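To begin, one chain is listed below as structure tokens, in the form deposited in one PDB entry.
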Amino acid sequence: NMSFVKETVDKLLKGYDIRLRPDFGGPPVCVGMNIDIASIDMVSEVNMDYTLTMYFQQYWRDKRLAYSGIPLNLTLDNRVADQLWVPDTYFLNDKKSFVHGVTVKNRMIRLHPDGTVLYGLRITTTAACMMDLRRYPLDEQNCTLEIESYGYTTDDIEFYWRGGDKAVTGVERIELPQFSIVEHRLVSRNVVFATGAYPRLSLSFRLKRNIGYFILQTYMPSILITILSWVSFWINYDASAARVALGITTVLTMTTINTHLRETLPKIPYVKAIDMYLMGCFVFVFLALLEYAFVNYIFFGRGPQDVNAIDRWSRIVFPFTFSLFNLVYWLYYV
């Protein structure tokens, strides 16, 4: 009942060599993979990576572990995985990863009577993404997980997603705070190196960024500070201290919006879509204060050698030009 099962397992590993690939001279072993994703923890633009937690599982058939007589599937302790052959699959994106160890090292060995063995891992990995943030924050991203064998080439090991396109599950359950997983793909290909041609699988996501965080923090005050630079056109030209002070305060606020948003974001060498907007709204803010110096120079500087017409012109023109600026901006990047 039970001691026969101990006697079976003790002579499966009697004379077992964990340095030999299964059918070491013969055909390559086929390792089928199956990923059940728990969560995606953080998607960092500063560190250019993402954290992925997943149930990473591997089927392969090993004839040296084939038993007979016992009809059930031998669910063994995780410590027997140190006494078996397992594939050396790694991740090229892998910055810092760990197999969970509470309350034990989360491994599973499930032997089948034909020799099929399941090796499941619960892995929290930190895979890298170089992100194209040139349309930030109105952009789509593409984050990839690059599974590949390390020491066995395509003549020693083969990879395939198990279940076709239903291999990776749990993607629909992922609710990210500022992204939205549109589509995931499963790619199988062989990647050549100087040492050999190794098989590679690729899980890859498409992350469309939600924009409601930046409408609240970045776009809506940048609109309304630009609008409050237009109060000086409804104020007479004699009020020098009034029209300067609202023009000085509106170039200060666009500065403090830019300094608070440069601390959030990484050291990108290009100009983002939000930097085109903040420097774009800064022009309409700064032209509203050049406008008073144009008015003050005409009346008080070139006086003895219209003043109401320039203000009356710009009351319609600068709201029309800024509304035209948003029409060009919000239709290009969206």
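In this text, the rigid core denotes the largest set of C-alpha atoms whose superposition between the two forms falls within 1.5 Å. Start at 1 with the first residue shown and count on from there.
The deposited sequence places 10 or more unmodelled residues between residue 305 and residue 306.
The same protein has a further form, the form deposited in another entry, not shown here; the description that follows concerns it.
Looking at CA displacements between the shown form and the other one with the core superposed, a shift of 2 Å or more is confined, among 287, 278, 265, 48, to 265. Here residue 196 counts as shifted, since its C-alpha moves by at least 2 Å between the shown form and the other one after the core is aligned.
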